[PDB]
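Asker: First, the structure itself, so that you have it in front of you.
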Amino acid sequence: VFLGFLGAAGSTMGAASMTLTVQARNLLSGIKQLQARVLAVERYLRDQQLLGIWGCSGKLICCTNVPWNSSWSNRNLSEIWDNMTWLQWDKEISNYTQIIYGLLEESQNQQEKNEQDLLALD
Amino acid sequence: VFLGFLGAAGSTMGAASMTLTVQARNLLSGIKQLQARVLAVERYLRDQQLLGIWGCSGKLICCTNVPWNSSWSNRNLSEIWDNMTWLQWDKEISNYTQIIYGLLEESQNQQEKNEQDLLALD
Amino acid sequence: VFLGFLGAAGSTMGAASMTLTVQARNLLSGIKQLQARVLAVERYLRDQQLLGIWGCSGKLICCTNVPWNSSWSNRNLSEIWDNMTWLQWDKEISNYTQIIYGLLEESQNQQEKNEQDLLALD
Amino acid sequence: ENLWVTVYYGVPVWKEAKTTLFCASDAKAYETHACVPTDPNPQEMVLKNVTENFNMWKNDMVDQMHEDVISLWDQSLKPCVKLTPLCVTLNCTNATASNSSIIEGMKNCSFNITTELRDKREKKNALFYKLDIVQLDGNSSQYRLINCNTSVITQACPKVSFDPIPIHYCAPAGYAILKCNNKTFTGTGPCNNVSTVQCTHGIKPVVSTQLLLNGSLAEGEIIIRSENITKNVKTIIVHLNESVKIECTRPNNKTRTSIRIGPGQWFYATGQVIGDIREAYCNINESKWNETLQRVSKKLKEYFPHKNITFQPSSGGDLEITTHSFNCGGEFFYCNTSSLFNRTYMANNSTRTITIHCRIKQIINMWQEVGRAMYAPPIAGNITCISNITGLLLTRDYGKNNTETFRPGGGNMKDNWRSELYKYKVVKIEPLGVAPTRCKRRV
Amino acid sequence: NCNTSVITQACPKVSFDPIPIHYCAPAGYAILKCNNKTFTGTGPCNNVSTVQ
Amino acid sequence: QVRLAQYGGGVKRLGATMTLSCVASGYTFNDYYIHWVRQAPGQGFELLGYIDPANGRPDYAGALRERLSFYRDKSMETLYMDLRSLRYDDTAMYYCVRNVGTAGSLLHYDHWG
């Protein structure tokens, strides 16, 4: 199955988000040919586990409880959301992205700690 | 850990479904032998990610909201469910199966459209 | 990303549990190198899918409805929760662990049996 | 009404396919085959009302074994010393014993050869069997090794001798093996006692022609299998249950002698002969053999309702098919079998021993290829091996008039393994499907 | 040595030499070190440690 | 692409032995049979016998088992036919044909020579 791969790229982020399932299905597969396939498999698993940590394994679109802040630069974004398209947003925020994961770690952890008191019985 | 593998095969589909959980664990155990294992894990990971789309990753048995229709042939099935056993059912419906996945994607996506506003805050 | 790996070992089980989430990220990567890498993926997936079976893949901490019993030895353990750190606990109960999984299977399976009738429609 | 999709997971169901298979070895190993994979504990489960078809002429793993065996042999023999410098002109007066006509290779041929210090040649001598030698043109005193006009010759490593250690196969994760157990199965068609297993049972890489020996035995009465696209079959397999014992011996005592080829790899040959000269032979119980042939004939007529049946010895071809070929101890044999098949029939407990006289030659070819002749070293002393046969390979002439005839063949090494892997068929499981139901969310 | 074997010559442009080598455990495996300075090479340790 | 060429033949004297030959081309020598078929002028064909190149097994038509003879030499991909005591009624053309085949059955001829 293959069609429209990367098709919606360049459009508004809103509609772009309406097309993720098309590209969510991309797992597949000298004499050292086995090297590349294992790389793809492990890359997928690595980039998948984080969405298991942040409570989003079964949600291509996910929220969580951490407020945004302007220390990562700031924009109105109530109209630029439909203008700058995705590629530009990546370079705009990439410089701070690696910091963001630290916030997310505690976010799901405290929720799980709170739920610890109620998980299963009779 | 191995016993009764494929054992319930041939029985009624009802009871057959009562025995599914055992076989979900089937990942047991020249110089070309390294390829076999990679194929197994690859194809397993294919399905255990495809089921992440239809909202059934953590459910060996699952429903979802798409109605049936007779274009895929039709049967009473309130009694054939206990007669034809599974192998016959596969050949009976295989011709239309590839169509069905399309329905699931669209329904899941229109579910997620509503989901977009309902996931996390304080 | 690497820091404090195995760091909390030796502490009380209570606080030890508070530090679990870090090490969940431990997944990376002559002519024998390719076999070592694939071993990591196989090792990870084997133990990951089991938590899928027991209805707990979405949490690093979980419960299920099966009561404890003294056939696996018995202790107060409301104070041993702090005394014995973690390493001792493994050798204390390992002799019965392989038995314990059987209880989980049936309990989760009958939970899913009950759920069978309550999942999706119009 | 209003039935909606339910998507079950892991349901048992399979489809045809073909895939690579693991090979497992016995625990007390030979000292991919040598030490591992490890030996499991086999299991077998019987299933009710399971419907499935088989086809022993198409099943995949038969082909795979051909690659495995040859690859193993090459992997084992590759580093052993070549014999290229030995291939030179020979002088073969060879009349130094009271009896030589039986062998015609003698001590006291002689040939020039290199030695330790390289740049000075030396003279030696050893024995050979004339079946490994040919005569050059004109001068009837000059001889050459048979296969040297076309190929290089490799010598089995003296400290090594591969031998029939059983091998059994295990399907990889995701595939399952089906077995069938009906005892009247022809090798093609449906089964009604399907079964599934962890792995196959033992199979030996035994090599032979005109019959398969040292192998397992059947369960019920004798069976006959063949293809059924057209009567003009290639090879008909007949499978025995009643094991007929056989013995063979090599009475003379061979004396081991050696030469060493700077850069420092040794070469072996046959030297002195000890004891009175005799020819190798074998023995058979006529009662058992003729009774087995009677039963075969009375089963064989089923596909040929009314014609007379008559057996006759093979015809033509290299020695690999004119005779029986098998090996014991580490040396090869060839045995004429005319007496054991000159019989006939028509429609409507150890007396009478039979003997057959054989020959042994040194240089061998893998039974199809060219360019890879194997050379074996002689075994000193005397060799004797008990053995028993389990089946025969029959091909048929042009049927004429009111008579039909069969004759022994089977030079293609494919068929031998076709006769011990007729059981298994490998398939893949498809753990995903769909069905209708009515459950509702209730969120 | 020619009565028994062939002799090979070091490639003139090449010379292997003691370059240090260190080992990294694969994913899932961990390495323990011990640091007590009177250790005999066998027995328990009381200053365990772990490394990359 | 695959060819089968013949040599020899020509005139012969009555009652004498005669020879023919085929030379194979590079398709593969161990994976196919070979047949000999002859055709008297203005007559239907008939078959003589088939020789496998692998091991050298012959097999003859019921009418000529005393007189014919086959043998091969894999070293140069060659096949020789011996026919003894020619009779007047053997005058005809001789062909040399390949024969596809599976592991368990034979089928049609394809590449006549």
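Following the order of the structure tokens, chains are lettered A, B, ..., residues in each are numbered from 1, and ligands are numbered from 1.
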Only residues of chain B matter here; which ones have an atom within 6 Å of chain A, counting only C-alpha atoms? Give them as an MDAnalysis selection string.
Answerer: chainID B and resid 52 119:122
Asker: Matching each Cα of chain B to its counterpart in chain A by order, what RMSD results from the least-squares fit?
Answerer: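 Fitting chain B to chain A over paired C-alpha atoms yields 0.8 Å.
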Asker: Mind listing the alpha helix (DSSP H) residues of chain B, per DSSP on the backbone, as a ChimeraX atom specification?
Answerer: /B:13-17,20-23,34-50,85-115
Asker: Could you pull out all residues of chain B with a DSSP call of strand (DSSP E or B) and give them as number ranges by chain?
Answerer: B: 63-67
Asker: List as a ChimeraX atom specification the protein and nucleic acid residues near residue D:285, meaning an atom at most 6 Å away when only C-alpha atoms are counted, but skip any in the same chain fewer than 2 places from it.
Answerer: /D:287-288,350,353
Asker: Could you give me, as an MDAnalysis selection string, the residues within 12 Å of stretch 106-109 of chain F, counting only C-alpha atoms and dropping anything in the same chain fewer than 5 positions from it?
Answerer: (chainID D and resid 227:235) or (chainID F and resid 32:37 50 96:101)
Asker: What gap, in Å, lies between atom CA of residue A:74 and atom CA of residue A:86?
Answerer: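 For atom CA of residue A:74 relative to atom CA of residue A:86, the distance reads 16.3 Å.
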Asker: Might you pull out every residue within 9 Å of stretch 15-28 of chain D, with only C-alpha atoms counted and same-chain residues fewer than 5 positions away left off, and present them as a VMD selection string?
Answerer: (chain B and resid 32 to 33 35 to 36) or (chain D and resid 33 to 40 59 to 61 64 165 to 172 175 425 to 430)
Asker: Keeping N, CA, C and O atoms for every residue in the selection just given, could you write it to a file as a short mmCIF file (atom, residue, chain, number, x, y, z; two decimals), in the first residue's frame?
Answerer:
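Here's the written file result-v1.cif:
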```
data_model
loop_
_atom_site.label_atom_id
_atom_site.label_comp_id
_atom_site.auth_asym_id
_atom_site.auth_seq_id
_atom_site.Cartn_x
_atom_site.Cartn_y
_atom_site.Cartn_z
N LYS B 32 23.23 -18.23 6.63
CA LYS B 32 22.17 -17.30 6.27
C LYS B 32 21.03 -17.28 7.29
O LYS B 32 19.96 -16.74 6.98
N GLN B 33 21.23 -17.84 8.49
CA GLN B 33 20.11 -18.07 9.40
C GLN B 33 19.68 -16.81 10.14
O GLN B 33 18.61 -16.81 10.76
N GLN B 35 18.56 -14.14 8.99
CA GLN B 35 17.46 -13.43 8.34
C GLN B 35 16.11 -13.88 8.88
O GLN B 35 15.16 -13.09 8.93
N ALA B 36 15.99 -15.15 9.28
CA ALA B 36 14.70 -15.67 9.70
C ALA B 36 14.10 -14.85 10.84
O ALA B 36 12.96 -14.39 10.75
N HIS D 33 25.98 -27.07 12.00
CA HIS D 33 25.69 -28.48 12.22
C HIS D 33 26.59 -29.05 13.32
O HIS D 33 26.20 -29.97 14.04
N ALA D 34 27.79 -28.50 13.45
CA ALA D 34 28.80 -29.05 14.34
C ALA D 34 28.40 -29.01 15.81
O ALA D 34 28.62 -30.00 16.51
N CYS D 35 27.84 -27.90 16.30
CA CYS D 35 27.53 -27.80 17.72
C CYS D 35 26.12 -27.28 17.99
O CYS D 35 25.53 -27.59 19.03
N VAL D 36 25.57 -26.48 17.07
CA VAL D 36 24.30 -25.81 17.31
C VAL D 36 23.61 -25.55 15.98
O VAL D 36 24.25 -25.72 14.93
N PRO D 37 22.33 -25.15 15.95
CA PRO D 37 21.37 -24.97 17.06
C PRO D 37 21.18 -26.19 17.96
O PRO D 37 21.59 -27.30 17.63
N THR D 38 20.53 -25.99 19.10
CA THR D 38 20.43 -27.03 20.12
C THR D 38 19.28 -27.99 19.83
O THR D 38 18.48 -27.78 18.91
N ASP D 39 19.22 -29.05 20.62
CA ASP D 39 18.22 -30.10 20.42
C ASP D 39 17.01 -29.85 21.32
O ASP D 39 17.17 -29.76 22.54
N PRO D 40 15.80 -29.74 20.77
CA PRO D 40 14.62 -29.52 21.60
C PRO D 40 14.01 -30.83 22.08
O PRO D 40 14.52 -31.92 21.82
N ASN D 59 6.38 -29.92 -2.42
CA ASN D 59 6.72 -29.35 -1.12
C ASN D 59 8.13 -28.78 -1.13
O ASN D 59 9.06 -29.38 -1.67
N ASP D 60 8.28 -27.61 -0.50
CA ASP D 60 9.47 -26.79 -0.70
C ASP D 60 10.73 -27.43 -0.12
O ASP D 60 11.75 -27.50 -0.82
N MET D 61 10.69 -27.89 1.13
CA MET D 61 11.94 -28.18 1.84
C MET D 61 12.78 -29.24 1.14
O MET D 61 13.97 -29.35 1.43
N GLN D 64 15.47 -27.39 -0.51
CA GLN D 64 16.41 -26.76 0.41
C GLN D 64 17.48 -27.74 0.85
O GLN D 64 18.67 -27.39 0.92
N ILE D 165 25.02 -38.26 10.66
CA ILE D 165 24.38 -37.83 11.90
C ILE D 165 23.00 -37.27 11.57
O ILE D 165 22.89 -36.38 10.70
N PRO D 166 21.93 -37.72 12.22
CA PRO D 166 20.60 -37.26 11.83
C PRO D 166 20.43 -35.76 12.02
O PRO D 166 21.02 -35.16 12.91
N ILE D 167 19.61 -35.17 11.15
CA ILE D 167 19.30 -33.75 11.19
C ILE D 167 17.79 -33.58 11.07
O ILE D 167 17.13 -34.26 10.28
N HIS D 168 17.25 -32.68 11.87
CA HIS D 168 15.82 -32.38 11.84
C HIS D 168 15.64 -30.87 11.87
O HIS D 168 16.47 -30.12 12.40
N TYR D 169 14.52 -30.42 11.30
CA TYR D 169 14.29 -29.01 11.00
C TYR D 169 13.21 -28.44 11.90
O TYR D 169 12.26 -29.14 12.27
N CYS D 170 13.35 -27.16 12.24
CA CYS D 170 12.38 -26.45 13.06
C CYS D 170 11.94 -25.19 12.34
O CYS D 170 12.78 -24.40 11.89
N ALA D 171 10.63 -24.99 12.24
CA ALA D 171 10.11 -23.81 11.56
C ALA D 171 10.45 -22.56 12.36
O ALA D 171 10.52 -22.60 13.59
N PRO D 172 10.65 -21.42 11.69
CA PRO D 172 10.92 -20.18 12.42
C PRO D 172 9.63 -19.53 12.90
O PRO D 172 8.53 -19.88 12.48
N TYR D 175 5.65 -19.54 11.45
CA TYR D 175 5.27 -20.64 10.59
C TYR D 175 4.99 -21.89 11.42
O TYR D 175 5.52 -22.06 12.52
N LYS D 425 4.57 -30.36 5.39
CA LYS D 425 4.29 -29.20 4.56
C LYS D 425 4.26 -27.97 5.45
O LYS D 425 3.56 -27.96 6.47
N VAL D 426 5.00 -26.94 5.07
CA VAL D 426 5.22 -25.77 5.91
C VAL D 426 4.29 -24.65 5.45
O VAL D 426 4.17 -24.40 4.25
N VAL D 427 3.64 -23.99 6.40
CA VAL D 427 2.70 -22.92 6.11
C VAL D 427 2.90 -21.77 7.08
O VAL D 427 3.52 -21.92 8.14
N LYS D 428 2.35 -20.61 6.73
CA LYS D 428 2.42 -19.41 7.54
C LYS D 428 1.06 -19.14 8.16
O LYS D 428 0.03 -19.43 7.55
N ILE D 429 1.06 -18.57 9.36
CA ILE D 429 -0.18 -18.23 10.05
C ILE D 429 -0.54 -16.79 9.76
O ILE D 429 0.33 -15.92 9.68
N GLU D 430 -1.84 -16.52 9.60
CA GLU D 430 -2.36 -15.17 9.41
C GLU D 430 -3.21 -14.83 10.63
O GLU D 430 -4.38 -15.22 10.71
#
```
Asker: Name all residues at most 9 Å from residue F:82 (count only C-alpha atoms; drop same-chain ones fewer than 4 positions away) and give them as a PDB file with N, CA and C atoms, in the first residue's frame.
Answerer:
```
ATOM      1  N   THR F  17      28.051 -49.951 -40.172  1.00  0.00           N
ATOM      2  CA  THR F  17      27.780 -49.162 -38.983  1.00  0.00           C
ATOM      3  C   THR F  17      27.885 -47.677 -39.307  1.00  0.00           C
ATOM      4  N   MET F  18      27.157 -46.863 -38.545  1.00  0.00           N
ATOM      5  CA  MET F  18      27.063 -45.441 -38.833  1.00  0.00           C
ATOM      6  C   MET F  18      26.971 -44.675 -37.521  1.00  0.00           C
ATOM      7  N   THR F  19      27.293 -43.386 -37.588  1.00  0.00           N
ATOM      8  CA  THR F  19      27.374 -42.524 -36.421  1.00  0.00           C
ATOM      9  C   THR F  19      26.642 -41.214 -36.684  1.00  0.00           C
ATOM     10  N   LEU F  20      26.289 -40.523 -35.601  1.00  0.00           N
ATOM     11  CA  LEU F  20      25.783 -39.159 -35.653  1.00  0.00           C
ATOM     12  C   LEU F  20      26.299 -38.432 -34.421  1.00  0.00           C
ATOM     13  N   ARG F  67      20.208 -53.328 -31.784  1.00  0.00           N
ATOM     14  CA  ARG F  67      21.026 -52.652 -32.780  1.00  0.00           C
ATOM     15  C   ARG F  67      21.493 -51.265 -32.372  1.00  0.00           C
ATOM     16  N   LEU F  68      20.732 -50.546 -31.553  1.00  0.00           N
ATOM     17  CA  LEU F  68      21.084 -49.173 -31.233  1.00  0.00           C
ATOM     18  C   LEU F  68      22.080 -49.122 -30.080  1.00  0.00           C
ATOM     19  N   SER F  69      22.570 -47.915 -29.801  1.00  0.00           N
ATOM     20  CA  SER F  69      23.509 -47.698 -28.711  1.00  0.00           C
ATOM     21  C   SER F  69      23.681 -46.205 -28.484  1.00  0.00           C
ATOM     22  N   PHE F  70      23.722 -45.804 -27.215  1.00  0.00           N
ATOM     23  CA  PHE F  70      23.948 -44.418 -26.835  1.00  0.00           C
ATOM     24  C   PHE F  70      25.065 -44.324 -25.811  1.00  0.00           C
ATOM     25  N   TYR F  71      25.605 -43.120 -25.671  1.00  0.00           N
ATOM     26  CA  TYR F  71      26.494 -42.789 -24.570  1.00  0.00           C
ATOM     27  C   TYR F  71      26.851 -41.319 -24.689  1.00  0.00           C
TER      28      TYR F  71
END
```
Asker: Would you give me, as a PyMOL selection string, the residues of chain F that come within 7 Å of chain D, using only C-alpha atoms?
Answerer: chain F and resi 54-59+61+104-106
Asker: Kindly export the residues of the current selection with N, CA, C and O atoms, as a PDB file, in the first residue's frame.
Answerer:
```pdb
ATOM      1  N   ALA F  54      22.682 -36.824 -17.432  1.00  0.00           N
ATOM      2  CA  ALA F  54      23.188 -36.864 -16.065  1.00  0.00           C
ATOM      3  C   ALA F  54      24.072 -38.086 -15.838  1.00  0.00           C
ATOM      4  O   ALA F  54      25.290 -37.966 -15.671  1.00  0.00           O
ATOM      5  N   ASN F  55      23.476 -39.275 -15.850  1.00  0.00           N
ATOM      6  CA  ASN F  55      24.199 -40.495 -15.528  1.00  0.00           C
ATOM      7  C   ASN F  55      24.388 -41.420 -16.718  1.00  0.00           C
ATOM      8  O   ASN F  55      25.226 -42.323 -16.647  1.00  0.00           O
ATOM      9  N   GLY F  56      23.643 -41.227 -17.800  1.00  0.00           N
ATOM     10  CA  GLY F  56      23.833 -42.022 -18.993  1.00  0.00           C
ATOM     11  C   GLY F  56      22.834 -43.132 -19.205  1.00  0.00           C
ATOM     12  O   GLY F  56      23.091 -44.023 -20.020  1.00  0.00           O
ATOM     13  N   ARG F  57      21.710 -43.117 -18.510  1.00  0.00           N
ATOM     14  CA  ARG F  57      20.731 -44.174 -18.689  1.00  0.00           C
ATOM     15  C   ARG F  57      20.175 -44.129 -20.106  1.00  0.00           C
ATOM     16  O   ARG F  57      19.742 -43.060 -20.553  1.00  0.00           O
ATOM     17  N   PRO F  58      20.196 -45.228 -20.847  1.00  0.00           N
ATOM     18  CA  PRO F  58      19.426 -45.306 -22.085  1.00  0.00           C
ATOM     19  C   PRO F  58      18.075 -45.967 -21.846  1.00  0.00           C
ATOM     20  O   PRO F  58      17.764 -46.437 -20.752  1.00  0.00           O
ATOM     21  N   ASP F  59      17.268 -45.978 -22.901  1.00  0.00           N
ATOM     22  CA  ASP F  59      16.020 -46.727 -22.922  1.00  0.00           C
ATOM     23  C   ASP F  59      15.515 -46.728 -24.354  1.00  0.00           C
ATOM     24  O   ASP F  59      15.381 -45.662 -24.962  1.00  0.00           O
ATOM     25  N   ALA F  61      13.300 -48.128 -27.918  1.00  0.00           N
ATOM     26  CA  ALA F  61      12.028 -48.600 -28.438  1.00  0.00           C
ATOM     27  C   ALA F  61      12.062 -50.116 -28.573  1.00  0.00           C
ATOM     28  O   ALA F  61      13.118 -50.721 -28.772  1.00  0.00           O
ATOM     29  N   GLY F 104       9.073 -34.969 -11.538  1.00  0.00           N
ATOM     30  CA  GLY F 104       8.330 -36.210 -11.446  1.00  0.00           C
ATOM     31  C   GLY F 104       7.595 -36.633 -12.701  1.00  0.00           C
ATOM     32  O   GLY F 104       6.916 -37.663 -12.694  1.00  0.00           O
ATOM     33  N   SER F 105       7.699 -35.865 -13.780  1.00  0.00           N
ATOM     34  CA  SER F 105       6.993 -36.230 -14.995  1.00  0.00           C
ATOM     35  C   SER F 105       7.619 -35.534 -16.194  1.00  0.00           C
ATOM     36  O   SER F 105       8.296 -34.511 -16.055  1.00  0.00           O
ATOM     37  N   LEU F 106       7.389 -36.104 -17.371  1.00  0.00           N
ATOM     38  CA  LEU F 106       7.877 -35.545 -18.620  1.00  0.00           C
ATOM     39  C   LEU F 106       6.737 -34.861 -19.365  1.00  0.00           C
ATOM     40  O   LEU F 106       5.562 -35.022 -19.031  1.00  0.00           O
TER      41      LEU F 106
END
```
Asker: If the cut-off is 10 Å, can you tell me the residues of chain E near chain D, counting only C-alpha atoms? I'd like them as an NGL selection string.
Answerer: :E and (1-7)
Asker: Using only C-alpha atoms, which protein or nucleic acid residues come within 10 Å of residue D:93? Drop anything in the same chain fewer than 4 positions from it, and give the result as a PyMOL selection string.
Answerer: chain D and resi 104-110+140-142
Asker: Would you work out the distance separating atom CA of residue E:36 from atom CA of residue E:51, expressed in Å to one decimal?
Answerer: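 About the pair atom CA of residue E:36 and atom CA of residue E:51: they are 15.8 Å apart.
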Asker: Within 9 Å of chain C, which residues belong to chain D? Use only C-alpha atoms and report them as number ranges by chain.
Answerer: D: 2-6, 437-443
Asker: What does the file look like for those residues with N, CA and C atoms, as a PDB file, in the first residue's frame?
Answerer:
```
ATOM      1  N   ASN D   2     -28.247  -4.472  11.618  1.00  0.00           N
ATOM      2  CA  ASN D   2     -27.259  -3.584  12.227  1.00  0.00           C
ATOM      3  C   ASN D   2     -26.132  -4.381  12.880  1.00  0.00           C
ATOM      4  N   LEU D   3     -25.501  -5.239  12.084  1.00  0.00           N
ATOM      5  CA  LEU D   3     -24.291  -5.920  12.516  1.00  0.00           C
ATOM      6  C   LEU D   3     -23.075  -5.084  12.147  1.00  0.00           C
ATOM      7  N   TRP D   4     -22.127  -4.996  13.074  1.00  0.00           N
ATOM      8  CA  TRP D   4     -20.995  -4.095  12.929  1.00  0.00           C
ATOM      9  C   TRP D   4     -19.701  -4.877  13.105  1.00  0.00           C
ATOM     10  N   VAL D   5     -18.613  -4.296  12.599  1.00  0.00           N
ATOM     11  CA  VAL D   5     -17.358  -5.024  12.464  1.00  0.00           C
ATOM     12  C   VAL D   5     -16.744  -5.278  13.832  1.00  0.00           C
ATOM     13  N   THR D   6     -16.345  -6.524  14.069  1.00  0.00           N
ATOM     14  CA  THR D   6     -15.474  -6.882  15.177  1.00  0.00           C
ATOM     15  C   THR D   6     -14.194  -7.485  14.619  1.00  0.00           C
ATOM     16  N   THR D 437     -20.721  -8.282  14.545  1.00  0.00           N
ATOM     17  CA  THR D 437     -21.349  -8.482  15.850  1.00  0.00           C
ATOM     18  C   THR D 437     -22.128  -7.219  16.217  1.00  0.00           C
ATOM     19  N   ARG D 438     -22.483  -7.095  17.496  1.00  0.00           N
ATOM     20  CA  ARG D 438     -23.330  -6.001  17.967  1.00  0.00           C
ATOM     21  C   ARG D 438     -23.044  -5.801  19.452  1.00  0.00           C
ATOM     22  N   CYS D 439     -22.171  -4.841  19.780  1.00  0.00           N
ATOM     23  CA  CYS D 439     -21.652  -4.687  21.140  1.00  0.00           C
ATOM     24  C   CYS D 439     -21.824  -3.283  21.718  1.00  0.00           C
ATOM     25  N   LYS D 440     -21.680  -2.237  20.899  1.00  0.00           N
ATOM     26  CA  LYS D 440     -21.839  -0.839  21.310  1.00  0.00           C
ATOM     27  C   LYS D 440     -20.759  -0.348  22.268  1.00  0.00           C
ATOM     28  N   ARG D 441     -20.435   0.949  22.177  1.00  0.00           N
ATOM     29  CA  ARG D 441     -19.356   1.520  22.982  1.00  0.00           C
ATOM     30  C   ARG D 441     -19.800   1.769  24.417  1.00  0.00           C
ATOM     31  N   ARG D 442     -20.855   2.559  24.604  1.00  0.00           N
ATOM     32  CA  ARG D 442     -21.347   2.946  25.924  1.00  0.00           C
ATOM     33  C   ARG D 442     -20.395   3.903  26.634  1.00  0.00           C
ATOM     34  N   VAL D 443     -19.691   4.743  25.881  1.00  0.00           N
ATOM     35  CA  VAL D 443     -18.799   5.736  26.468  1.00  0.00           C
ATOM     36  C   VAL D 443     -19.616   6.909  26.991  1.00  0.00           C
TER      37      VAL D 443
END
```
Asker: By how many Å are atom CA of residue B:56 and atom CA of residue A:8 apart?
Answerer: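 Separation between atom CA of residue B:56 and atom CA of residue A:8: 26.8 Å.
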